[PDB]
């Protein structure tokens, strides 16, 4: 059963506390935008998949009833206790592909040892969207990459530089200013080579997408905006031995690798066919290694990809035309849906000053709560 994204919407992603509204109004802004984009009645929504991290188990329902009105539809919380976190989009896709609904709303929102203690305080005071282990794990993985392949600390700063430069054209991004490479390098130290401008900040915001079956799209004449999910794969923790483990593997390198390989196989495409990417750059180090995990270049060649400008406009792949988590900030529940919104706009040729000319195949890379990796390929459903 083919599955399509037929409307998308988001709020601006803002510094926590910059905007004086509660999570239900954020959800309403994103949700109502997505429904208006889709051009459908609210009653067409048969289930809602809702992604958020903080608050109790009723926040999903509270957000949906405020956005759509009260109904008896199922409201599924993506983040449960006794399973690894999914994503709103992966779950919505599952409901459609398995025949449990013809049309669904995916919605996400968020409203905010000596070294672990030190990182905990730093994350709080610098407003980073990270758990205390994360900067250390991603720094270790980047250092490991430098040791094996000769990547330079400036390559990681260049990735971050590139994300901030893209952000200048995204009005939904918390940060929309270009910093110099020198400013990236000189910003406050977080861990090792990682500096503040290489780490994703917290943002408050919401995102939403309407997902629909092939028959729903045909029945309602919605072919024009229908972006097809041509492949989507999730990989949860891979269990390995002491001898095979590495810092790169510990932050999900092989999970991304396998998820993407399986997408490529399903869709019958290769990395070189992808035109535009939105990936999970929680740290610059995760983006750099993810270039190789996705198969964009051979192992150890990310520094060359970076120095050629093959991650930006005029290069082979335009990566994070949004500015990335690094510029947008990371409202935990909403991040994946914002990536989706941008890639759908790119493929629909509605991305304005960020438009990748002639984009036809888009790749999303996202991480769930708990660390599961989701890779998704999109193309226009009926070009």
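Positions refer to the first chain, counted from 1.
- Where residue 112 is followed by residue 113 in the displayed chain, the model omits 10 or more of the deposited residues that sit between the two.
- Once the C-alpha B-factors are averaged per stretch, 297-305 and 280-288 rank with 297-305 first.
- When 76-84 is weighed against 167-175, 76-84 comes out higher, by mean CA B-factor as recorded in the entry.
- In this entry, the residue among 106, 206, 123, 160 with the greatest C-alpha B factor is 123.
- Ranked against the other modelled residues of its chain, the C-alpha B-factor of residue 54 as given in the entry falls in the highest third.
- Sort the modelled residues of the chain by CA B factor and residue 316 lands in the highest third.
- Residue-level temperature factors show residue 365 in the lowest third of its chain, judged at the C-alpha atom.
- Annotation for residue 221: C-alpha temperature factor in the highest third relative to the rest of the modelled chain, per the entry.
- For residue 63, the recorded CA B-factor ranks within the lowest third of the chain. Only modelled residues enter the ranking.
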